[PDB]
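**Q** Sharing a structure with you now.
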Amino acid sequence: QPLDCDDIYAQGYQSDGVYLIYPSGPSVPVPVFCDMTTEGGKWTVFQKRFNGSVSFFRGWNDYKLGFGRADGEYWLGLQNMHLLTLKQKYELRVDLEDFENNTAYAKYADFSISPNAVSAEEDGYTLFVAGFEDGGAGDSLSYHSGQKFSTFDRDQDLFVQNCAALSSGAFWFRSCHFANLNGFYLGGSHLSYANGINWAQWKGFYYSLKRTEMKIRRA
Amino acid sequence: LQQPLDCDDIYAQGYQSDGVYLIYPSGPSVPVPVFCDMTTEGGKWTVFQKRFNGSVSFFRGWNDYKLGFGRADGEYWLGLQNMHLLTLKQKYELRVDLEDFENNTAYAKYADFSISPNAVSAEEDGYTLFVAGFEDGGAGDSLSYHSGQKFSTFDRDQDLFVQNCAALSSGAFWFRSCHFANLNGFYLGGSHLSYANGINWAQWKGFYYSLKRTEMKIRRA
Amino acid sequence: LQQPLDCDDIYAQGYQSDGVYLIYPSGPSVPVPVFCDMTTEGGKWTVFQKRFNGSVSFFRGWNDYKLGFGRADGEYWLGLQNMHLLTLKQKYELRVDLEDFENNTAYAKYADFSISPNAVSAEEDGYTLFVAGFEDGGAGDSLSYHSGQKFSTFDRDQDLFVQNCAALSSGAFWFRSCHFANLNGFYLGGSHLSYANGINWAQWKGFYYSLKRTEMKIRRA
Amino acid sequence: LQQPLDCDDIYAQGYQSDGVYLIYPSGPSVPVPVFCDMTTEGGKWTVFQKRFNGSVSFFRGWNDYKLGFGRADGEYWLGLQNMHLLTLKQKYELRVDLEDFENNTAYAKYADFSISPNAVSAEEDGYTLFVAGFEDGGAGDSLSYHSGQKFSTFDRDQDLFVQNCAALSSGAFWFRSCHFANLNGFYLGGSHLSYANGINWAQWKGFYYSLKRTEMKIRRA
Amino acid sequence: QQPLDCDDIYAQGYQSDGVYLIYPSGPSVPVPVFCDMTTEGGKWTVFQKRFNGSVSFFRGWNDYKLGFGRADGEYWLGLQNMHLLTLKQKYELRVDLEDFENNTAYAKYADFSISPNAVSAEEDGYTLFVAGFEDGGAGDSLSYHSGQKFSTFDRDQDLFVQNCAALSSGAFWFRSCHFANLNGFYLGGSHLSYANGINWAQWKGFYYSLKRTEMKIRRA
Amino acid sequence: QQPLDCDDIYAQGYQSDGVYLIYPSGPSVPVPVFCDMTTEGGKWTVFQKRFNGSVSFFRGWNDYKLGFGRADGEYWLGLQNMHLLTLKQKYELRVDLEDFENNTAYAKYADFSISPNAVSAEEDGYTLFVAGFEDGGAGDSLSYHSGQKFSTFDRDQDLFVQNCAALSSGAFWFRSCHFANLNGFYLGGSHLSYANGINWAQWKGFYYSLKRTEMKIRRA
Amino acid sequence: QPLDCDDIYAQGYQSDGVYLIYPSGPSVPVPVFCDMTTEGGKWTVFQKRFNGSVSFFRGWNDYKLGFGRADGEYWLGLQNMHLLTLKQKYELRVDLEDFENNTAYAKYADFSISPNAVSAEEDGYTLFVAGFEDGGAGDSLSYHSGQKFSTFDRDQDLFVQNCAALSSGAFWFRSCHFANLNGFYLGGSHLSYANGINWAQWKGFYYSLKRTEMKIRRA
Amino acid sequence: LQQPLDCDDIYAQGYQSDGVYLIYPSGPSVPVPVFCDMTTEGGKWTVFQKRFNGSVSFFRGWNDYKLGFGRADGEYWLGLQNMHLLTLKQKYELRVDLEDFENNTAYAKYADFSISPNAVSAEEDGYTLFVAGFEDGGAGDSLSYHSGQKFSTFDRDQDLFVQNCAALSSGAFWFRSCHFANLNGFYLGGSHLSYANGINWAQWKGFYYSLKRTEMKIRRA
Ligand SMILES: [Ca+2]
Ligand SMILES: [Ca+2]
Ligand SMILES: [Ca+2]
Ligand SMILES: [Ca+2]
Ligand SMILES: [Ca+2]
Ligand SMILES: [Ca+2]
Ligand SMILES: [Ca+2]
Ligand SMILES: [Ca+2]
């Protein structure tokens, strides 16, 4: 059984598409989309957005189990992500695109959800990212490292207010985000503050991207 | 030793200044505070919905919308159960008052208004919304599209849509295929390029405009 | 002042037109609307069961039958809990009124009627049905067979039968080995080739005929 | 030490007699028994639905229909979760075989069949039914009307109708405004005067005819 | 005007012992009970009756909170109801027992309360309190139980490593284990198993299951 | 490599009867059981043991599903586990009994299964199936029970208007009522009560409670 | 029915002790101890401590429904408190005593739990206190006004950490308390910081009182 | 392939630096990280308990203590279920390591250690603690008093005391009448005037002294 998608590369499949991996165990699979093309491939994608159809302003439960279609926009589920990061060391890549036909990305050498936590729930699925290699976009996620995942159901952020509610999304919020890749799909520039799909360092807080996907690969 | 269950009684009690007041919709055991608009169109308005600051988030669950949530001073939602108790024992009239970011006001009135009327159990009937004859104010008629629909949240999908229209609209309402009025949407503060997710009154400012103030008022028959 | 808990109270309040009314069986906290037959045999009837249109499906679960379900206007079931509160604090008389598809009317009266009488908890006792002295109307005596039997649903099989008599009969009732009266059966609208699964009153039109209209009425002593 | 997860594997194992067999859709830890129709049209059919006696009641809850219920020997339902595990990891073909009380047989085939395909969580997506190209057998095409609809029960109403079409129909199905096929309805054994609540295939025997036998079969692509 | 206990019913003007409605919660909902208006001046509210052995008292923590049975025959009034009475008035206890040899016995306790002066009965586990004991035919078993939370196979509150409620086939305010198991299995006479029947230790020991049993309550 | 039953343990190379770990669900979680590697060639998995009388078997439906007790002494393996074994292999039944007069007896049944060919054991109530019976000392009581769901005072599945599980002081696949109640109350010898102890009707009748009892399972 | 204890004064009872009042309604009472002696009496007590036996490091549910014995130490319950303050205007008095045979107190004219809130739960049962009349002790509660009630179950405080956990108690915490009348009963001076029954303005953060009770009376 | 279920296996795998490691007590499906003391007395210690900073609160519920809670790096509790999985399949030795605020160290060793040994279900048996032969280190023998006692929390009281000793002690432990060792008490940081509520080892520093560091280690037989 392949638990990640780098295993699937070894299985003998290299066309990027929907695939079944067994992160828990052989009992139940979960379908994911894999980017076998970008930078040698072997990417497991836990986050996809482009159409704007699927709303990512969901509750803590949907974000734990995952939600959406492996074909189009989806969120793999925080629990699944924890099972992968728990048993193997992983690398992060996020790939972004605006409405001006420009692409950008940012890479982080290490990436883990609640690393070395006896229970991910108790630890709030903390996000950890280490060494950052710069692509097109800047470094927004390093600001978020060490923060529990927050939703309008469960406020874990360091802000007196509910930053997840104010930002129209879910993320590992601090005082408030520099990256809200689950914000509301406002499709271009917006006059509201830091509530759309925003990567602060690339296009600021008042610009909502067109496409967004966060990729994961073995060490 | 006599209790006012609605706010039109408070008018009869002898109080006409609009403000916070205690009314007993359940019974003399426990009251619930509300804000009353004793000024607009003769007064006697019981308000079950207020929004203006945008601070309070209305993307809440089915339980919060059943029991009610917020501050009677500022933004709040009275609670679906309370609303059902009032409309169950008296016939009521609806008025909604709206305001945009261009210093313009509008409204719409509905002669009859009830939540799940003559329903032996509101839960089983899903707290259906009923509105009848519509008298035009500044805004158009959006709510008549919603009459007969159960109240839906991201917890409980009652809408007629394959998707969860409450989830797509970032709010709670008596949804059909999807709303013409989402007065519990996200407070996006002005125009927005996203589709039908803010505090939107379709017939007045369309689906791509988020209002500034919003309040839904109720008075005896 | 005291609240009217039954509909004979409402007669004393000064209302004699049969229609939807609010009575407070639990307490002043929450009412439940019911339809009252102020016309039949002097009136003052509280109706805990209505069927005629066939629209509402009565093949529901134990929870819907405990809390009640339907519209006080048309077809509905008041809910066993409410029924227990009435019979617990007052002595009541039963009348069931029936009509077939041949423009014929019939009825049956039972002097005493109670749900789980002298039971410290109605749930534990399964809301046992008790009916006493029977005065003959158009129909025969089918309910006397059912007295002493817990209320059974496809959720909760309480009947004395090895099978699920509630499931085989497409309804809910105080079943024994199996019913002679299934006034919550499936609305099969006339004659049917299936056995004892429609709205059936055995002694009047047998097990292979489903009535058109049905309502079970309750009045003070 | 090698496990057959579907029943086309069992054909490859070296077994071709139609009967009860163990397959491992989840994994080698726990199997789930199913009946396989290795005779019809080349065989290799995995059956997730059987009805004929009418004894087993299919008016069950969302939980019973998620985990599955019944006997692989006689009437049963394999379970929505299991069905989702198979369709998730392989592409499958659908065949439903029907029989009336007049000694007639019919069927309908669909090239593609999947429950909530490519869904990261079946619960969130409501276990939608998808069927593609339809090859006609004896019966017409009722299921294409149902494609894209979440599975609904009287516990969980997902249909596009204001009412609870699962409750009105006395069964569970991927309901829309309401079904053209209710293969989990009440086994009324022949014709019925009530509307669209029995085991009905609309295009073959209409809404007022309840089949005698029913079974839904699945094979690899 | 509503009678909340059965000594009120004496004042209402009813003295024939039978099933009656009292309002311990409030005028909203009554709960029926059987009252023994005959024994020792009357005014007894009965929260426990057993005689046929038909009703099984091996029930869960929830049934014992809300109560179960028929006020006519065997029943249990319910721990919540009992706490409502003992919370608002001071009460006296009497238990009346009978064996299979046509003998009667009893025991009286001056004070009786369930979790007295407790802001929430659930949190305190509905502790039993009994004070000064006046001897009748039977001995004093309940004084051993005073201060103990009510235990069932659902909720083990006893002081024993094992589940004394499970071993005793009943429910009671168990300590290390009972001297009185008035909710045990109705084994109807002698039994070779240990301390699992309707047993009053001080009257007929641990290997004797009574025939009839009822626990009565009256105002102070 | 993991042994799911105890005939696997026989092949592992262990033949001394005692507590062993087997993995009926899967390699994730084991459950310990006692194996009778002595009787009739051995390889017996024991899902039921009684002798001391200490452990009470008048338990709820949840305890009987998940199992309860110590694999050393008296215990019940748990119906869920029992269902996983019978689901994936065909099994043979043997029950071994002993009274208080130093006499032994037994009964064997060729086929034995819990909820066979059931897509979910819960829905089917964990029905008992037993086929061909080879006579030992005791008679055939279980054939009366074949096809009956498992019943407890929590869940009455029996064919009786009353609650046969409650009247019998135990849990079993009851019909109108049992001829074998091997989970009854440990009444330790003769008893004047009717059919509420550990009783095998065909060997020592309804008024005699055995001393030792254990129900064994082996591969086909 | 008397819903408060000033009604009980009118009922005709003036000896301070355990009494039943009906704050919800005639359906269910809740016992309280009333101080009919202090400053004319008519005090309803929602808080008592002296023996130290009852532990006040409890959960949010125990503090909503209440816990303890009306005889000795107890907590009336936040919900009950809300029913009183919702329908009548009330005055606050807290009475304190150290281990040196000294007494002190502080009075606040207005006192309310979640005033004008359609649901107390949603508002977290905010504490409001207005004009303060000085007794022996200083003014610690004015710092707490406007803060939701917090427990180790539910962190509502404005502090990044869980101030309820650090203080060994439950209170309407801000950055952290000046008054922790539900702290751990450390019985005198303690070297730990602000975790005992502490009234900051009277005996500082390193002194745990001996007796404590918070009293309420009609307007 | 080849998975280490304990940390003595990790010694054989070839890792001897004390730190966080993955071991598979359930199975190869899901690991759980633990910290191992490969240094003390030859190493191979699996640590199910660590405390030193005082930051993590151990006044948690029965569910958190069943599933485990904390960070394997710093303070944590491995979880009662995992502990039962280890002790169920192998025989283990116990060592507890203690340190005060006076730069002194102590410990106590127990030859046998088990959670609910030979229990068909840990829940039913309440996860009883068993410890046998005791070898004296710096500290005395407090745990022998606790052997045979179920694990108790303020959620679930299993102790032999009329009160809730877990609640009075501000921690969780296998309580009897009350503890001689409360290694999950509140981190009061030194001496305290309250009775038996801090991280206390009675026989070493009594009931009025709260330790600075605490960790309970486990090794194969
Ligand atoms: Ca926050
Ligand atoms: Ca929908
Ligand atoms: Ca039955
Ligand atoms: Ca619907
Ligand atoms: Ca115990
Ligand atoms: Ca039965
Ligand atoms: Ca905080
Ligand atoms: Ca205790």
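Going through the structure tokens in order, the chains are called A, B, and so on, while each chain numbers its residues from 1 and the ligands are numbered from 1 in the order shown.
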Per residue of chain G within 8 Å of chain B, what are the shortest atom pair and its distance in Å to one decimal, counting only C-alpha atoms, with rows by chain and residue number, as a tab-separated table?

**A**
residue	atom	partner	partner_atom	distance
G:23	CA	B:29	CA	7.9
G:24	CA	B:29	CA	5.9
G:25	CA	B:29	CA	4.8
G:26	CA	B:29	CA	7.8
G:83	CA	B:30	CA	7.2
G:86	CA	B:31	CA	7.8
G:87	CA	B:31	CA	7.3
G:116	CA	B:33	CA	5.6
G:117	CA	B:71	CA	4.7
G:118	CA	B:32	CA	5.7
G:119	CA	B:69	CA	5.6
G:122	CA	B:69	CA	6.0
G:123	CA	B:70	CA	7.1

**Q** Show me which bits of chain F are within 9 Å of chain H, counting only C-alpha atoms, as a list in words.

**A**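 The answer, sorted by residue number, is residues 19, 20, 21, 26, 27, 28, 29, 30, 31, 32, 33, 63, 66, 67, 68, 69, 70, 71, 72, 75, 76, 77 and 78 of chain F.
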
**Q** After a least-squares fit of chain F on chain E across every C-alpha pair in order, what's the RMSD, to one decimal?

**A**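 Here the RMSD amounts to 0.2 Å.
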
**Q** Quick one: pick out all helix (DSSP H, G or I) residues within region 43-170 of chain A from a backbone DSSP run and write them as a list in words.

**A**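 Helix (DSSP H, G or I) members of region 43-170 of chain A, listed: residues 60, 61, 62, 63, 64, 65, 78, 79, 80, 81, 82, 83, 84, 85, 86, 87, 141, 142, 143, 163, 164, 165 and 166 of chain A.
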
**Q** Give me the residues of chain G that have any atom at most 12 Å from an atom of chain A; for each, the nearest atom pair and the distance in Å, rounded to one decimal. Use only C-alpha atoms, sort by chain and number, and format it as JSON lines.

**A**
{"residue": "G:147", "atom": "CA", "partner": "A:160", "partner_atom": "CA", "distance": 11.5}
{"residue": "G:148", "atom": "CA", "partner": "A:160", "partner_atom": "CA", "distance": 11.9}
{"residue": "G:154", "atom": "CA", "partner": "A:154", "partner_atom": "CA", "distance": 10.7}
{"residue": "G:155", "atom": "CA", "partner": "A:155", "partner_atom": "CA", "distance": 9.7}
{"residue": "G:156", "atom": "CA", "partner": "A:160", "partner_atom": "CA", "distance": 8.8}
{"residue": "G:157", "atom": "CA", "partner": "A:160", "partner_atom": "CA", "distance": 8.1}
{"residue": "G:158", "atom": "CA", "partner": "A:160", "partner_atom": "CA", "distance": 5.6}
{"residue": "G:159", "atom": "CA", "partner": "A:160", "partner_atom": "CA", "distance": 8.0}
{"residue": "G:160", "atom": "CA", "partner": "A:158", "partner_atom": "CA", "distance": 5.5}
{"residue": "G:161", "atom": "CA", "partner": "A:158", "partner_atom": "CA", "distance": 8.9}
{"residue": "G:162", "atom": "CA", "partner": "A:156", "partner_atom": "CA", "distance": 11.2}
{"residue": "G:174", "atom": "CA", "partner": "A:160", "partner_atom": "CA", "distance": 10.4}
{"residue": "G:175", "atom": "CA", "partner": "A:160", "partner_atom": "CA", "distance": 10.4}

**Q** Write a file of the just-selected residues containing C-alpha atoms, as a tab-separated table (two decimals), in the first residue's frame.

**A**
chain	number	residue	atom	x	y	z
G	147	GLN	CA	-14.36	40.11	31.11
G	148	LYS	CA	-15.86	36.74	30.31
G	154	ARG	CA	-12.73	27.44	28.41
G	155	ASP	CA	-10.07	30.14	28.01
G	156	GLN	CA	-11.75	33.50	27.45
G	157	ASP	CA	-9.01	35.69	28.97
G	158	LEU	CA	-7.02	38.26	27.00
G	159	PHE	CA	-3.74	36.45	27.79
G	160	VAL	CA	-1.94	34.25	25.27
G	161	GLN	CA	-1.52	31.65	28.02
G	162	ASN	CA	-4.40	30.13	30.00
G	174	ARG	CA	-8.03	39.80	31.90
G	175	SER	CA	-4.27	39.69	31.22

**Q** Can you tell me which residues surround region 131-146 of chain B at a distance of at most 9 Å, considering only C-alpha atoms, apart from same-chain residues fewer than 6 positions away, and format the answer as a PyMOL selection string?

**A** chain B and resi 93-94+97-98+105-114+173-176+178-181+201-205

**Q** Mind dumping the selected residues with N, CA, C and O atoms as an mmCIF file, in the first residue's frame?

**A**
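Here's the written file result.cif:
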data_model
loop_
_atom_site.group_PDB
_atom_site.id
_atom_site.type_symbol
_atom_site.label_atom_id
_atom_site.label_comp_id
_atom_site.auth_asym_id
_atom_site.auth_seq_id
_atom_site.Cartn_x
_atom_site.Cartn_y
_atom_site.Cartn_z
ATOM 1 N N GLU B 93 -46.569 41.520 11.918
ATOM 2 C CA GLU B 93 -46.200 42.201 10.686
ATOM 3 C C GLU B 93 -44.688 42.386 10.662
ATOM 4 O O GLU B 93 -44.067 42.612 11.703
ATOM 5 N N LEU B 94 -44.103 42.306 9.466
ATOM 6 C CA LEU B 94 -42.661 42.412 9.276
ATOM 7 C C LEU B 94 -42.291 43.719 8.582
ATOM 8 O O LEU B 94 -42.995 44.186 7.680
ATOM 9 N N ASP B 97 -35.341 47.207 7.639
ATOM 10 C CA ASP B 97 -34.791 48.520 7.328
ATOM 11 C C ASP B 97 -33.314 48.348 7.002
ATOM 12 O O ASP B 97 -32.578 47.715 7.766
ATOM 13 N N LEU B 98 -32.891 48.906 5.868
ATOM 14 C CA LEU B 98 -31.566 48.679 5.310
ATOM 15 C C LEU B 98 -30.875 50.011 5.056
ATOM 16 O O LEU B 98 -31.519 51.052 4.901
ATOM 17 N N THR B 105 -31.295 55.012 2.465
ATOM 18 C CA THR B 105 -32.120 54.139 3.282
ATOM 19 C C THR B 105 -33.197 53.510 2.410
ATOM 20 O O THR B 105 -33.609 54.081 1.396
ATOM 21 N N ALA B 106 -33.649 52.330 2.817
ATOM 22 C CA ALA B 106 -34.680 51.604 2.091
ATOM 23 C C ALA B 106 -35.332 50.629 3.057
ATOM 24 O O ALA B 106 -34.839 50.407 4.164
ATOM 25 N N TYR B 107 -36.446 50.040 2.630
ATOM 26 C CA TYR B 107 -37.150 49.095 3.487
ATOM 27 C C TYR B 107 -38.163 48.314 2.664
ATOM 28 O O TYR B 107 -38.433 48.632 1.505
ATOM 29 N N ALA B 108 -38.714 47.275 3.290
ATOM 30 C CA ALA B 108 -39.772 46.461 2.708
ATOM 31 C C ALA B 108 -40.625 45.916 3.844
ATOM 32 O O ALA B 108 -40.092 45.513 4.881
ATOM 33 N N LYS B 109 -41.943 45.907 3.643
ATOM 34 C CA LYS B 109 -42.899 45.463 4.647
ATOM 35 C C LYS B 109 -43.686 44.265 4.135
ATOM 36 O O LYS B 109 -43.968 44.154 2.937
ATOM 37 N N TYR B 110 -44.028 43.361 5.057
ATOM 38 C CA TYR B 110 -44.821 42.174 4.750
ATOM 39 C C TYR B 110 -45.943 42.070 5.771
ATOM 40 O O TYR B 110 -45.698 42.106 6.981
ATOM 41 N N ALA B 111 -47.173 41.957 5.265
ATOM 42 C CA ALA B 111 -48.359 42.051 6.111
ATOM 43 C C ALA B 111 -48.379 40.960 7.174
ATOM 44 O O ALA B 111 -48.500 41.249 8.370
ATOM 45 N N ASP B 112 -48.264 39.704 6.755
ATOM 46 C CA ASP B 112 -48.252 38.562 7.657
ATOM 47 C C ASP B 112 -46.829 38.042 7.780
ATOM 48 O O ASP B 112 -46.054 38.087 6.822
ATOM 49 N N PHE B 113 -46.485 37.557 8.969
ATOM 50 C CA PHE B 113 -45.161 36.991 9.190
ATOM 51 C C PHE B 113 -45.249 35.986 10.326
ATOM 52 O O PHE B 113 -45.812 36.293 11.380
ATOM 53 N N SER B 114 -44.686 34.800 10.113
ATOM 54 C CA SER B 114 -44.725 33.752 11.123
ATOM 55 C C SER B 114 -43.576 32.794 10.879
ATOM 56 O O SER B 114 -43.129 32.624 9.742
ATOM 57 N N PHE B 173 -29.916 31.377 6.691
ATOM 58 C CA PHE B 173 -31.174 31.921 6.196
ATOM 59 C C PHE B 173 -32.065 30.761 5.779
ATOM 60 O O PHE B 173 -31.635 29.605 5.742
ATOM 61 N N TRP B 174 -33.332 31.085 5.511
ATOM 62 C CA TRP B 174 -34.297 30.124 4.975
ATOM 63 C C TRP B 174 -34.042 29.992 3.475
ATOM 64 O O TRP B 174 -34.695 30.617 2.634
ATOM 65 N N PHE B 175 -33.065 29.161 3.138
ATOM 66 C CA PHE B 175 -32.580 29.091 1.772
ATOM 67 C C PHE B 175 -33.435 28.157 0.919
ATOM 68 O O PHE B 175 -34.054 27.213 1.421
ATOM 69 N N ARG B 176 -33.493 28.467 -0.371
ATOM 70 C CA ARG B 176 -34.173 27.655 -1.378
ATOM 71 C C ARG B 176 -33.104 27.018 -2.273
ATOM 72 O O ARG B 176 -32.223 26.342 -1.737
ATOM 73 N N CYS B 178 -31.056 29.031 -3.758
ATOM 74 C CA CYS B 178 -30.196 29.922 -2.987
ATOM 75 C C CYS B 178 -30.911 31.264 -2.876
ATOM 76 O O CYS B 178 -31.865 31.547 -3.604
ATOM 77 N N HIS B 179 -30.408 32.096 -1.974
ATOM 78 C CA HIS B 179 -31.136 33.258 -1.501
ATOM 79 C C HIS B 179 -31.276 34.347 -2.558
ATOM 80 O O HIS B 179 -30.503 34.439 -3.516
ATOM 81 N N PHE B 180 -32.306 35.174 -2.366
ATOM 82 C CA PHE B 180 -32.295 36.559 -2.815
ATOM 83 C C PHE B 180 -32.010 37.535 -1.676
ATOM 84 O O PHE B 180 -31.774 38.718 -1.940
ATOM 85 N N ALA B 181 -32.045 37.076 -0.424
ATOM 86 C CA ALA B 181 -31.699 37.909 0.724
ATOM 87 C C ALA B 181 -30.888 37.084 1.711
ATOM 88 O O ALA B 181 -31.363 36.054 2.201
ATOM 89 N N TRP B 201 -29.172 42.273 -0.228
ATOM 90 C CA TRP B 201 -30.571 42.345 -0.632
ATOM 91 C C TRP B 201 -30.562 42.451 -2.151
ATOM 92 O O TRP B 201 -30.162 43.485 -2.699
ATOM 93 N N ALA B 202 -30.944 41.358 -2.820
ATOM 94 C CA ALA B 202 -30.803 41.268 -4.272
ATOM 95 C C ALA B 202 -31.535 42.403 -4.973
ATOM 96 O O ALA B 202 -30.970 43.083 -5.835
ATOM 97 N N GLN B 203 -32.784 42.647 -4.588
ATOM 98 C CA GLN B 203 -33.606 43.575 -5.344
ATOM 99 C C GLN B 203 -33.201 45.034 -5.151
ATOM 100 O O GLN B 203 -33.575 45.867 -5.986
ATOM 101 N N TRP B 204 -32.452 45.369 -4.093
ATOM 102 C CA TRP B 204 -32.065 46.757 -3.837
ATOM 103 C C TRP B 204 -30.674 47.084 -4.376
ATOM 104 O O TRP B 204 -30.528 48.020 -5.167
ATOM 105 N N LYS B 205 -29.645 46.334 -3.952
ATOM 106 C CA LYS B 205 -28.269 46.599 -4.364
ATOM 107 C C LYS B 205 -27.587 45.357 -4.934
ATOM 108 O O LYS B 205 -26.356 45.313 -5.014
#

**Q** Using only C-alpha atoms, determine which residues of chain C fall within 9 Å of chain D; present them as a list in words.

**A**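 The complete set of qualifying residues is residues 54, 55, 56, 57, 58, 59, 60, 61, 154, 155, 167, 168, 170, 186, 187, 188, 189, 190, 191, 192, 193, 194 and 197 of chain C.
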
**Q** I need the residues from that last selection saved to file as an mmCIF file, in the first residue's frame (with C-alpha atoms), if you can.

**A**
data_model
loop_
_atom_site.group_PDB
_atom_site.id
_atom_site.type_symbol
_atom_site.label_atom_id
_atom_site.label_comp_id
_atom_site.auth_asym_id
_atom_site.auth_seq_id
_atom_site.Cartn_x
_atom_site.Cartn_y
_atom_site.Cartn_z
ATOM 1 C CA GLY C 54 -53.128 11.805 3.017
ATOM 2 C CA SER C 55 -50.240 14.235 2.564
ATOM 3 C CA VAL C 56 -48.505 13.821 5.935
ATOM 4 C CA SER C 57 -46.874 10.416 6.388
ATOM 5 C CA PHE C 58 -47.547 8.909 9.809
ATOM 6 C CA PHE C 59 -44.917 6.173 9.370
ATOM 7 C CA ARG C 60 -42.571 8.131 11.659
ATOM 8 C CA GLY C 61 -40.173 7.269 14.456
ATOM 9 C CA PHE C 154 -40.286 0.713 14.033
ATOM 10 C CA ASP C 155 -37.743 2.392 16.353
ATOM 11 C CA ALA C 167 -43.167 -2.309 10.873
ATOM 12 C CA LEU C 168 -45.521 -4.830 9.266
ATOM 13 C CA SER C 170 -46.809 0.653 8.190
ATOM 14 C CA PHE C 186 -50.235 4.164 5.561
ATOM 15 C CA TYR C 187 -52.845 6.238 3.718
ATOM 16 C CA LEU C 188 -53.849 3.596 1.175
ATOM 17 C CA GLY C 189 -57.046 5.447 0.238
ATOM 18 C CA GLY C 190 -59.813 2.842 -0.119
ATOM 19 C CA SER C 191 -59.534 -0.919 -0.488
ATOM 20 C CA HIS C 192 -56.149 -2.630 -0.586
ATOM 21 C CA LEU C 193 -54.943 -6.183 -1.184
ATOM 22 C CA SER C 194 -52.244 -5.928 1.499
ATOM 23 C CA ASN C 197 -51.226 -1.954 6.895
#

**Q** Please identify the strand (DSSP E or B) residues within region 18-75 of chain C (assignment by DSSP from backbone atoms) and present them as a VMD selection string.

**A** chain C and resid 19 to 23 32 to 37 45 to 51 69 to 71

**Q** Which residues of region 84-193 of chain E come within 12 Å of region 200-209 of chain F, and for each one, what is the closest pair of atoms and their distance in Å to one decimal, counting only C-alpha atoms, sorted by chain and residue number, as CSV?

**A**
residue,atom,partner,partner_atom,distance
E:191,CA,F:209,CA,11.6
E:192,CA,F:209,CA,10.2
E:193,CA,F:209,CA,10.8

**Q** Would you save the residues of that selection, restricted to C-alpha atoms, as a CSV table (one decimal), in the first residue's frame?

**A**
chain,number,residue,atom,x,y,z
E,191,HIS,CA,-30.2,-17.9,48.4
E,192,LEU,CA,-26.8,-19.4,48.5
E,193,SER,CA,-25.2,-16.4,46.7

**Q** I'd like to know which of C:161, C:213, C:65, C:198 is closest to ligand 6, using only C-alpha atoms and all ligand atoms.

**A**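 Ranking C:161, C:213, C:65, C:198 by distance to ligand 6, first place goes to C:161.
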
**Q** Considering only C-alpha atoms, give me a table of residues in chain E that are at most 8 Å from chain G, with the closest atom pair and distance in Å for each, as CSV.

**A**
residue,atom,partner,partner_atom,distance
E:25,CA,G:27,CA,4.6
E:26,CA,G:27,CA,4.5
E:27,CA,G:27,CA,7.5
E:28,CA,G:27,CA,7.1
E:84,CA,G:28,CA,7.7
E:87,CA,G:31,CA,7.6
E:88,CA,G:20,CA,6.7
E:116,CA,G:69,CA,7.9
E:117,CA,G:70,CA,5.2
E:118,CA,G:69,CA,4.6
E:119,CA,G:30,CA,5.7
E:120,CA,G:67,CA,6.0
E:123,CA,G:67,CA,6.5
E:124,CA,G:68,CA,7.6
